[PDB]
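Worksheet: one structure, shown below.
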Amino acid sequence: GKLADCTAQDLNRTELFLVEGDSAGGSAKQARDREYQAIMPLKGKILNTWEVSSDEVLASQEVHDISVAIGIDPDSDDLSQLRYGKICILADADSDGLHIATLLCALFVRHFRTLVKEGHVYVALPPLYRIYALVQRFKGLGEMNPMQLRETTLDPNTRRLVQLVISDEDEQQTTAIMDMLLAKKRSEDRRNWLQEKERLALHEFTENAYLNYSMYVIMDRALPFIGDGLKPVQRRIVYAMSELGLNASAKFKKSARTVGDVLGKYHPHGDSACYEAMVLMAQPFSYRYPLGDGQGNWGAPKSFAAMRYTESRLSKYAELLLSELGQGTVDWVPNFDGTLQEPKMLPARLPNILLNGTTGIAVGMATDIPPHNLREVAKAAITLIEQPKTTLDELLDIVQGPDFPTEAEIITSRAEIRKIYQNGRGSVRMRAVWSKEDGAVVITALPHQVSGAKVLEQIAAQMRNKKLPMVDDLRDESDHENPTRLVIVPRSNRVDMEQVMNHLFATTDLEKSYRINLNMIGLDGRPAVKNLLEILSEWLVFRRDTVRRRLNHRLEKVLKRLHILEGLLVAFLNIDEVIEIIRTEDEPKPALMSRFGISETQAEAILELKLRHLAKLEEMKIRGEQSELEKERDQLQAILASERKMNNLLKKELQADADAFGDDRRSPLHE
Amino acid sequence: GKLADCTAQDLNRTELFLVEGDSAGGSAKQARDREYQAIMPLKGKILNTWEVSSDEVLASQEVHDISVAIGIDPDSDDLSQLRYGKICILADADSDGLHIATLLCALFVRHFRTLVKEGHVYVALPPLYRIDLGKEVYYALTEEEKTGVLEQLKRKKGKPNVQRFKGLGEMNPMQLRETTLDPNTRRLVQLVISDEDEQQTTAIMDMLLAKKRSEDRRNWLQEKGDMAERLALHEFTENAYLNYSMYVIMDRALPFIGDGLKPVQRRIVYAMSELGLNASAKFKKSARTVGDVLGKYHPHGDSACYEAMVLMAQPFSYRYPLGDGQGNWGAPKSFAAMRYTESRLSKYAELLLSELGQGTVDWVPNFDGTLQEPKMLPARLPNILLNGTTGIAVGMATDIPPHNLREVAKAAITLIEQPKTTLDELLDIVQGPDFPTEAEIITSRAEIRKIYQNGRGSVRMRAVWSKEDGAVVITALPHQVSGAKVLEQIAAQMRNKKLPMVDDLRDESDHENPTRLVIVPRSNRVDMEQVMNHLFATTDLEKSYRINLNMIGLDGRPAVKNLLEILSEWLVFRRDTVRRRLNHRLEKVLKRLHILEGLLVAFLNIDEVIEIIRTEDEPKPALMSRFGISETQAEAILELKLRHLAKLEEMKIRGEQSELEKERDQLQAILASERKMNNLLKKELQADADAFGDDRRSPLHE
DNA sequence: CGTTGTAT
DNA sequence: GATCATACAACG
DNA sequence: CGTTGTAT
DNA sequence: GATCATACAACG
Ligand SMILES: C[C@H]1COc2c(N3CCN(C)CC3)c(F)cc3c(=O)c(C(=O)O)cn1c23
Ligand SMILES: C[C@H]1COc2c(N3CCN(C)CC3)c(F)cc3c(=O)c(C(=O)O)cn1c23
Ligand SMILES: [Mg+2]
Ligand SMILES: [Mg+2]
Ligand SMILES: [Mg+2]
Ligand SMILES: [Mg+2]
């Protein structure tokens, strides 16, 4: 179908390239030899055909096209109808590229063992840098010129293609190693595996390739950092918005601009997934504390408008992550192009990891953190600072539990919640809020991530199957005033609507379960499941560090300014002689230093003084500023040397921030 | 199908909204009443069912879904199965929105006349501006209405917020509800076709939506150059289609004679200039520049924008591209995504972007009003003839072939030297169109002369082939010829037994030789010339090209112009822009000289100056009085640094003063002489011709 | 019908 | 990320 | 089986 | 500009 076949059938000379990107496929087809080189693009990530039947594999259109292209059936085929001498897999140097490579290797090993054993499976190794090396630095196959692609991966005289082989006595390890990687079950074995950690062995390639993707997804994709509770994509988005000046007080700008900036500066991925994550951050029903200010259609409790239409802006809450940024609080690593710099963390003032929470899926592990109440978590942190010996139960007496932005009751025993937080893993269930008035049941609040229309459809279908003769009629009185209003009117006032309600809790989606897995990337740099006490403590460490760094930065600034000011006052005290030196001495810079006992910095400061600064008001301003800066310097130096004053400062900032960004408990606890 | 129906069947109360955007449809569905309001989105421009059969209309999925939604067949139906009391068309305030409106009006008028006559067709008028000062909030569909609102708000506590809606997708659901949905606050007009007006309605709508005619639309556009509860459909349709027509003509399809660019292209190259993506700069991701174009200047889609950009980057599409990309930008077709490709302006683009910040072009504010945008670009060479353009508007179109830079430059210089130069004399310089595809342009020089004399015509190209040895080898194809399509054509022609003379067809097109098509004959006695003529007549080895020199002149109105008119008018543009540059630089030099004189005066009496500074409260007016010095010079003295009190600084200032005096003399001299001005223009033209010069790619033959 | 190029 | 139907002029 | 959220 | 199949962990 989408194949671009060659003008030859002679094996041991013909080559079939499987390209990752359709665009990359176009570039490859533009540079092939055509006399023996055919190019077939595989649109997107293929299926995991390691636990699929030999007949079920033909169902997937990608694997189907691959099968038809190779001219072999997923069973013993043994050449014969092999249309190409060599089948080479060509994907870019991404971790995702190695993932696709490992997938194709799984498909080939499991369903075409004869082909791999005969030595027809090849891996194309593209260069990572060009000055070629396996400086320009190619981000992908789509980004590199056709001729470059030809020289790098196509032309045999200049190519670097390795042959993947599964020799005897290594075939046992191959089938064994590849199993734990691509098996839908196991999973824990993959956790432990990640924990412990011209021709090439297929088992060696698969093990090293899958490690790259696993580590990349775990560290730089699915799992959030304990500091600001953000994933790389989200951090890049909010920072690129900060750079775009899109503050909460600023005017709205088109989403396409900020997205294009995120891609063009920091995020080397697609615009679709980026704008998707952004839209997710902008939704009040998706995010407890969004960041998170949009104009236009940003969805509803679903799908939204295009980025070419919507306009965006950071929330006032986002300040908690973006204030104190340019004050030497976070470290900076350079971006993919090396043209700009990017913050590794954000100077969070409140533990966003607990506030907003996160849900993600990596390789071998996942993360599921529920949102919480800002005031409660803040109070818990402050309590943790005041009394460091505070146990988990006392913290639980402050933080009731998860706080979802969907109202409704969280029906879960306080002991069960206590266990969930003490062990870091568990499940929390929510139930819709309903009231009888009058005699009829009206739902006024739905659980988190409940469609509402789907619930109505569920009850309606259940009625249609004659399973609910107790209910006379179902009406949706959900208007602008009342967002969620689902009325259920029963036939006769003798029917137990409570029993029907419990039945709806058991059958419909009025009651929902939520996975809880407090897994995150700690300050150590490695992912780990942590309990509430550990999270609050470690975050307290992070905050303490960042605050300390801010204080030191400000201290240095103040000191330098004080030095320059002292120099300036010295200048003013003897301005006539200074100006005289300027207009009578050859190179007055070192002359000023000698005559007044002044540093080169202070000398340059004097030299940079303006004539309008010779007025008296300027000397007054400078002296006053000197006094103020002296007091501030004393304060900063004082707080820096006392652990008590430092902790007190942290407490002050926590309480102050808790008041400004505070919110009442939305989802109450019940049973 | 995509309908979000309401929970009622009671007519004279139920309303059906036809939304332009699926996203806007989402916003509308999110804000409807559901008790009587149903929402159906129409994704994209509908079909023009004004010359289509009553059955052919049902073939188009959009019109089909609309028909099923209304519960009426495109023939006489007469209510009965009418599912909704009112059918309202909802589109954003674009000219494109009014186009969609006119299209839906065509569909309803021709195929559902009974429905429109009964009064069920409604047009929803959305607000263009939103003004809010405090708890007060106002909406306005007219700019005059907006300025009216602002005048009233001038009595209240200041600082009002104007929003300006670019479309329905960008406005919040509740705003859409209050503005166009909620009956108590909406502004929906009823479209009616009363008796004796139905004849005029059918007449006016015909010339607008008829595939033929066209010239009538030209003449109509030529001659053509508050609200109530109900409006005449013919009055609405004629004015709506006028808006779209004028918008497409002026701000879409037709290029401006100055820089030879369309609004999209101009916005792209300017946004690249602002992004600092110069020819000497490093490549940046295309998504960045596209996102900038959309986020700053262009209020349209990213796809079509990146499409135009990619088209500008192609060496085979653009004679002089601008136009520097890395990655897959297509081949002689389609390309890679913007998330992968990297971009940068060409060295040629300098000709449009140099002299930008020198007061050469006018500036209009952007859609948000936050930034400014150039109306034109200070072109140094007539890009309108160099690159050429192809576009389709309403009533008219434009087809301009590319030309050779050296030839056109030489023609311009010749036009400056001898202003009485005729068209033939210019034609002796400019041979004709110059395509970036090699190959011969087999067209009589007289025919070309006529084509250029009338501004309209057609130029034909033919592939370049040679016999070696005994076999025919094609080495160059005409512009926009696929080659693979040519191969497929000849091969199919062979398969149909139409070519028994030809033994074999081979594609020896490699990296070294881009186009190499070998045709081997059976036996050496067959006349391959006859076969070649047959392939020229049948296959795509010979291609015709439309020529329609229509463009927007300096007058501001589109018109077909001949080569002499184009070159002359462009010479006017260039002369004017150069004059503006010279004047700008002159003003700068003069001001700097003034400031320098002030500074020297200050240096001459520095002690007294410092005295005034340290003895007079606010010395600015004191310095002015004591030395006879302007406020600007006073501020200049006040901003002097102590390190500038040295002698070397005064020396530098004096030397710069001398230089600036000489430069001022030169600038003022060139400004007052027509001969010196013309000499400057000639010098710059010749200089540009050398640096950006190109050899003739497509030779002329017969 | 089949193109061409900015638009939805 | 590639693809699908549409408007509009006007020639082969 | 069907979700959830960054990825091809 | 909306849509379609995929990986990955893991619960109901
Ligand atoms: C604005 C959207 C509107 O919808 C579109 C299409 N439709 C889908 C099938 N429908 C039956 C008819 C409408 C379409 F076929 C192509 C495009 C398209 O190429 C495009 C672009 O920006 O390049 C943008 N759009 C398109
Ligand atoms: C990798 C690209 C190309 O393939 C994609 C899809 N396929 C099309 C149908 N095929 C049968 C299977 C693959 C797809 F259904 C969705 C997406 C998608 O949502 C997306 C994104 O960036 O958000 C990007 N891609 C997608
Ligand atoms: Mg990639
Ligand atoms: Mg997607
Ligand atoms: Mg619009
Ligand atoms: Mg398109």
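Quick note on naming: the chains in the structure tokens go A, B, ... in the order shown, residues restart at 1 in each chain, and ligands are numbered from 1 in order of appearance.
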Counting only C-alpha atoms (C1' of nucleotides) and all ligand atoms, name the residues that have an atom within 12 Å of an atom of ligand 6; the answer should be given as a ChimeraX atom specification.
-> /B:44,301-308,334 /C:5-8 /D:2-6 /F:1
What's the 12 Å shell around residue 276 in chain B, counting only C-alpha atoms (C1' of nucleotides), without same-chain residues fewer than 5 positions away, as a PyMOL selection string?
-> chain B and resi 269-271+281-284+289+343-345+353
Output file for the residues above (C-alpha atoms, as an mmCIF file, in the first residue's frame):
```cif
data_model
loop_
_atom_site.group_PDB
_atom_site.id
_atom_site.type_symbol
_atom_site.label_atom_id
_atom_site.label_comp_id
_atom_site.auth_asym_id
_atom_site.auth_seq_id
_atom_site.Cartn_x
_atom_site.Cartn_y
_atom_site.Cartn_z
ATOM 1 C CA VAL B 269 8.858 37.231 6.355
ATOM 2 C CA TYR B 270 8.336 40.146 8.739
ATOM 3 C CA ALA B 271 7.758 37.838 11.707
ATOM 4 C CA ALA B 281 21.556 33.305 11.731
ATOM 5 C CA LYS B 282 21.073 29.717 12.899
ATOM 6 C CA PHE B 283 17.966 27.744 11.915
ATOM 7 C CA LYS B 284 14.989 27.735 14.280
ATOM 8 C CA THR B 289 7.866 31.232 13.610
ATOM 9 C CA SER B 343 13.663 27.602 8.941
ATOM 10 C CA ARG B 344 15.484 30.846 8.142
ATOM 11 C CA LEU B 345 15.171 33.770 5.715
ATOM 12 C CA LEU B 353 13.810 43.567 4.674
#
```
Contacts of residue 202 in chain B at 9 Å or less, counting only C-alpha atoms (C1' of nucleotides), minus same-chain residues fewer than 4 places along, as an NGL selection string?
-> :B and (109-110 or 197-198 or 206 or 234)
Would you mind writing down, as a short mmCIF file (atom, residue, chain, number, x, y, z; two decimals) with N, CA, C and O atoms, in the first residue's frame, each residue of range 238-408 of chain B that DSSP on the backbone assigns to helix (DSSP H, G or I)?
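Heads up, here's the output in result-v8.cif:
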```cif
data_model
loop_
_atom_site.label_atom_id
_atom_site.label_comp_id
_atom_site.auth_asym_id
_atom_site.auth_seq_id
_atom_site.Cartn_x
_atom_site.Cartn_y
_atom_site.Cartn_z
N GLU B 238 -26.40 40.22 -0.61
CA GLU B 238 -25.61 41.05 -1.52
C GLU B 238 -24.47 41.77 -0.80
O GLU B 238 -23.37 41.90 -1.33
N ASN B 239 -24.74 42.24 0.42
CA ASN B 239 -23.74 42.95 1.20
C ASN B 239 -22.73 42.01 1.86
O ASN B 239 -21.56 42.36 2.02
N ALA B 240 -23.20 40.82 2.24
CA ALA B 240 -22.33 39.83 2.85
C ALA B 240 -21.31 39.31 1.85
O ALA B 240 -20.12 39.19 2.16
N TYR B 241 -21.77 39.01 0.64
CA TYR B 241 -20.90 38.50 -0.41
C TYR B 241 -19.94 39.59 -0.89
O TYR B 241 -18.85 39.30 -1.39
N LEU B 242 -20.36 40.84 -0.75
CA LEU B 242 -19.52 41.98 -1.11
C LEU B 242 -18.34 42.08 -0.16
O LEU B 242 -17.21 42.33 -0.57
N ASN B 243 -18.62 41.88 1.13
CA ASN B 243 -17.60 41.90 2.17
C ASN B 243 -16.53 40.85 1.91
O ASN B 243 -15.34 41.15 1.91
N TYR B 244 -16.97 39.62 1.69
CA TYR B 244 -16.06 38.51 1.43
C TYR B 244 -15.25 38.74 0.16
O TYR B 244 -14.04 38.53 0.15
N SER B 245 -15.93 39.17 -0.90
CA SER B 245 -15.27 39.43 -2.18
C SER B 245 -14.17 40.47 -2.02
O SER B 245 -13.02 40.24 -2.43
N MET B 246 -14.51 41.60 -1.42
CA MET B 246 -13.55 42.68 -1.21
C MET B 246 -12.40 42.26 -0.30
O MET B 246 -11.26 42.66 -0.52
N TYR B 247 -12.70 41.45 0.71
CA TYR B 247 -11.67 40.99 1.63
C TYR B 247 -10.69 40.05 0.95
O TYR B 247 -9.48 40.14 1.16
N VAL B 248 -11.21 39.14 0.13
CA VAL B 248 -10.37 38.19 -0.59
C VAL B 248 -9.52 38.90 -1.64
O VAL B 248 -8.34 38.59 -1.81
N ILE B 249 -10.12 39.87 -2.33
CA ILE B 249 -9.39 40.64 -3.33
C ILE B 249 -8.25 41.44 -2.72
O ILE B 249 -7.10 41.33 -3.15
N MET B 250 -8.57 42.24 -1.70
CA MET B 250 -7.60 43.16 -1.11
C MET B 250 -6.61 42.49 -0.15
O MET B 250 -5.43 42.84 -0.14
N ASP B 251 -7.08 41.54 0.64
CA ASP B 251 -6.27 41.00 1.73
C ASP B 251 -6.10 39.48 1.70
O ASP B 251 -6.07 38.84 2.75
N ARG B 252 -5.97 38.90 0.50
CA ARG B 252 -5.78 37.46 0.39
C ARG B 252 -5.12 37.02 -0.92
O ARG B 252 -3.95 36.61 -0.92
N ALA B 253 -5.86 37.10 -2.01
CA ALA B 253 -5.44 36.48 -3.27
C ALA B 253 -4.52 37.35 -4.13
O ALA B 253 -3.60 36.84 -4.77
N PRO B 263 -0.60 39.31 1.99
CA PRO B 263 -0.57 39.56 3.44
C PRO B 263 0.07 38.44 4.25
O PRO B 263 0.85 38.72 5.16
N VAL B 264 -0.25 37.19 3.92
CA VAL B 264 0.30 36.04 4.63
C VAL B 264 1.82 35.97 4.52
O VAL B 264 2.52 35.83 5.52
N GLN B 265 2.32 36.09 3.29
CA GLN B 265 3.76 36.02 3.03
C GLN B 265 4.50 37.17 3.71
O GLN B 265 5.56 36.97 4.31
N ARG B 266 3.94 38.37 3.60
CA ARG B 266 4.51 39.56 4.21
C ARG B 266 4.61 39.37 5.72
O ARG B 266 5.65 39.65 6.32
N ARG B 267 3.53 38.88 6.31
CA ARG B 267 3.50 38.61 7.74
C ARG B 267 4.54 37.57 8.14
O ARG B 267 5.18 37.69 9.18
N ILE B 268 4.71 36.55 7.30
CA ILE B 268 5.70 35.50 7.58
C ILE B 268 7.12 36.05 7.57
O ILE B 268 7.86 35.89 8.55
N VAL B 269 7.50 36.70 6.48
CA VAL B 269 8.86 37.23 6.35
C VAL B 269 9.16 38.32 7.39
O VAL B 269 10.28 38.42 7.88
N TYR B 270 8.15 39.11 7.73
CA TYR B 270 8.34 40.15 8.74
C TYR B 270 8.48 39.54 10.13
O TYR B 270 9.29 40.00 10.93
N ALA B 271 7.68 38.51 10.42
CA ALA B 271 7.76 37.84 11.71
C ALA B 271 9.08 37.10 11.84
O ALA B 271 9.57 36.89 12.95
N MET B 272 9.65 36.70 10.71
CA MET B 272 10.97 36.09 10.71
C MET B 272 12.05 37.14 10.93
O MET B 272 13.05 36.89 11.60
N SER B 273 11.84 38.32 10.35
CA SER B 273 12.75 39.45 10.57
C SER B 273 12.78 39.83 12.04
O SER B 273 13.84 40.09 12.60
N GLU B 274 11.60 39.87 12.65
CA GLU B 274 11.47 40.20 14.07
C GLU B 274 12.08 39.11 14.94
O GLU B 274 12.62 39.38 16.01
N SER B 286 10.23 25.61 12.79
CA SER B 286 9.19 26.28 12.02
C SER B 286 7.95 26.57 12.87
O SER B 286 7.24 27.55 12.63
N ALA B 287 7.70 25.71 13.85
CA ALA B 287 6.56 25.86 14.74
C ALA B 287 6.64 27.17 15.52
O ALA B 287 5.62 27.80 15.82
N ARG B 288 7.86 27.58 15.84
CA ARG B 288 8.10 28.83 16.55
C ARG B 288 7.67 30.04 15.72
O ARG B 288 6.88 30.87 16.18
N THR B 289 8.17 30.12 14.50
CA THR B 289 7.87 31.23 13.61
C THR B 289 6.40 31.25 13.20
O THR B 289 5.79 32.32 13.11
N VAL B 290 5.83 30.07 12.96
CA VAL B 290 4.41 29.97 12.63
C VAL B 290 3.55 30.46 13.80
O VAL B 290 2.64 31.27 13.62
N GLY B 291 3.87 29.97 14.99
CA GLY B 291 3.19 30.38 16.20
C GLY B 291 3.31 31.88 16.45
O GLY B 291 2.42 32.49 17.02
N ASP B 292 4.43 32.45 16.01
CA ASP B 292 4.62 33.90 16.11
C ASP B 292 3.74 34.64 15.11
O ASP B 292 3.13 35.66 15.45
N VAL B 293 3.67 34.12 13.89
CA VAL B 293 2.84 34.71 12.84
C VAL B 293 1.37 34.73 13.26
O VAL B 293 0.67 35.72 13.08
N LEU B 294 0.92 33.62 13.84
CA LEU B 294 -0.46 33.53 14.31
C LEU B 294 -0.70 34.37 15.56
O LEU B 294 -1.74 35.02 15.70
N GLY B 295 0.27 34.36 16.47
CA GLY B 295 0.12 35.03 17.75
C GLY B 295 0.31 36.53 17.69
O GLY B 295 0.00 37.24 18.65
N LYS B 296 0.82 37.04 16.57
CA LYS B 296 1.09 38.46 16.45
C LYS B 296 0.30 39.15 15.34
O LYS B 296 -0.34 40.17 15.58
N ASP B 302 -2.99 27.78 11.20
CA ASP B 302 -1.56 27.50 11.14
C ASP B 302 -1.19 26.62 9.96
O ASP B 302 -0.06 26.68 9.46
N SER B 303 -2.13 25.80 9.51
CA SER B 303 -1.88 24.86 8.42
C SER B 303 -1.63 25.57 7.09
O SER B 303 -0.62 25.34 6.44
N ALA B 304 -2.57 26.42 6.69
CA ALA B 304 -2.45 27.17 5.44
C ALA B 304 -1.23 28.10 5.47
O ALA B 304 -0.58 28.32 4.45
N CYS B 305 -0.94 28.64 6.65
CA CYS B 305 0.21 29.52 6.83
C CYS B 305 1.51 28.78 6.57
O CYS B 305 2.34 29.22 5.77
N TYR B 306 1.68 27.64 7.24
CA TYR B 306 2.87 26.82 7.06
C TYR B 306 2.94 26.28 5.63
O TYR B 306 4.02 25.99 5.11
N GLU B 307 1.77 26.14 5.01
CA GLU B 307 1.69 25.71 3.61
C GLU B 307 2.30 26.77 2.71
O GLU B 307 3.14 26.46 1.86
N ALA B 308 1.88 28.02 2.89
CA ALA B 308 2.40 29.14 2.12
C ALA B 308 3.90 29.32 2.36
O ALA B 308 4.66 29.59 1.43
N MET B 309 4.31 29.16 3.61
CA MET B 309 5.72 29.25 3.99
C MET B 309 6.57 28.20 3.29
O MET B 309 7.60 28.51 2.68
N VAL B 310 6.12 26.95 3.37
CA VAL B 310 6.79 25.84 2.70
C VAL B 310 6.86 26.08 1.20
O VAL B 310 7.86 25.76 0.55
N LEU B 311 5.79 26.65 0.64
CA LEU B 311 5.76 26.99 -0.77
C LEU B 311 6.82 28.05 -1.09
O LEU B 311 7.43 28.02 -2.16
N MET B 312 7.02 28.97 -0.16
CA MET B 312 8.04 30.01 -0.33
C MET B 312 9.45 29.44 -0.18
O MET B 312 10.41 30.03 -0.66
N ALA B 313 9.56 28.30 0.50
CA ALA B 313 10.88 27.71 0.75
C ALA B 313 11.37 26.81 -0.39
O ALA B 313 12.54 26.43 -0.43
N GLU B 350 16.70 39.85 2.03
CA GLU B 350 17.27 41.13 2.42
C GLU B 350 16.71 42.25 1.56
O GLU B 350 16.43 43.35 2.05
N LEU B 351 16.52 41.95 0.27
CA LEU B 351 15.98 42.92 -0.68
C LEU B 351 14.61 43.45 -0.26
O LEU B 351 14.20 44.52 -0.70
N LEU B 352 13.92 42.71 0.60
CA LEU B 352 12.62 43.12 1.09
C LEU B 352 12.69 43.65 2.52
O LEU B 352 11.79 44.36 2.97
N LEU B 353 13.76 43.30 3.24
CA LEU B 353 13.81 43.57 4.67
C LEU B 353 14.84 44.61 5.11
O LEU B 353 14.72 45.19 6.18
N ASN B 383 10.04 42.53 -6.78
CA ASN B 383 9.76 41.12 -6.50
C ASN B 383 8.48 40.64 -7.18
O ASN B 383 8.29 39.44 -7.39
N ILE B 384 7.61 41.58 -7.54
CA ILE B 384 6.36 41.26 -8.22
C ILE B 384 6.62 40.59 -9.57
O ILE B 384 5.86 39.72 -10.00
N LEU B 385 7.71 40.98 -10.23
CA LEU B 385 8.09 40.40 -11.51
C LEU B 385 9.09 39.26 -11.33
O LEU B 385 9.11 38.31 -12.11
N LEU B 386 9.93 39.36 -10.30
CA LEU B 386 10.97 38.36 -10.06
C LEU B 386 10.38 37.01 -9.68
O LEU B 386 10.65 36.00 -10.34
N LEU B 405 16.26 38.20 -12.59
CA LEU B 405 16.62 39.37 -11.78
C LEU B 405 17.47 40.37 -12.55
O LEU B 405 17.19 41.57 -12.54
N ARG B 406 18.52 39.88 -13.20
CA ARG B 406 19.42 40.73 -13.98
C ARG B 406 18.68 41.45 -15.11
O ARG B 406 18.90 42.64 -15.34
N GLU B 407 17.81 40.72 -15.80
CA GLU B 407 17.07 41.29 -16.92
C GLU B 407 16.11 42.39 -16.48
O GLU B 407 16.05 43.46 -17.09
N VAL B 408 15.35 42.12 -15.42
CA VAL B 408 14.39 43.09 -14.90
C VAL B 408 15.10 44.31 -14.32
O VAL B 408 14.64 45.44 -14.48
#
```
Of the candidates A:448, A:633, A:137, A:308, which shows the shortest atom-to-atom distance to chain B, using only C-alpha atoms?
-> A:308
Find the residues around range 668-673 of chain B up to 9 Å (only C-alpha atoms (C1' of nucleotides) counted), leave out those fewer than 4 positions away in its own chain, and share them as a PyMOL selection string.
-> chain B and resi 579+582-583+586+663-664+677-678+680
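The neighbours of residue 12 in chain F here are the residues that come within 12 Å of it, using only C-alpha atoms (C1' of nucleotides) and leaving out any residue fewer than 6 positions away in the same chain; they are residues 427, 429, 506, 507, 509, 511, 512, 513, 514 and 515 of chain A; 1, 2 and 3 of chain E.
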Taking only C-alpha atoms into account, report as a ChimeraX atom specification which residues of chain A lie within 6 Å of chain B.
-> /A:23,27,142-145,254,256-257,260-261,264,295-297,305,309-310,583,607-612,615
Quick one: which residues from chain A are at most 9 Å off chain D, using only C-alpha atoms (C1' of nucleotides), as an NGL selection string?
-> :A and (21-23 or 43-44 or 270 or 272)
Saved selection, atoms kept: C-alpha atoms, as a CSV table (one decimal), in the first residue's frame:
```
chain,number,residue,atom,x,y,z
A,21,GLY,CA,8.0,8.9,10.6
A,22,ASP,CA,5.8,9.3,7.5
A,23,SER,CA,7.7,12.6,7.0
A,43,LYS,CA,2.8,5.5,11.1
A,44,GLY,CA,3.2,5.7,14.8
A,270,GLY,CA,4.8,17.4,19.2
A,272,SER,CA,-0.6,18.3,19.9
```
Env. residues ligand 3 / 7 Å / only C-alpha atoms (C1' of nucleotides) and all ligand atoms / as a ChimeraX atom specification = /A:92,94,97,139-141
Filtered DSSP result for range 340-423 of chain A, state strand (DSSP E or B), as a PyMOL selection string | chain A and resi 341-343+359-361+366-368+372+402+409-411
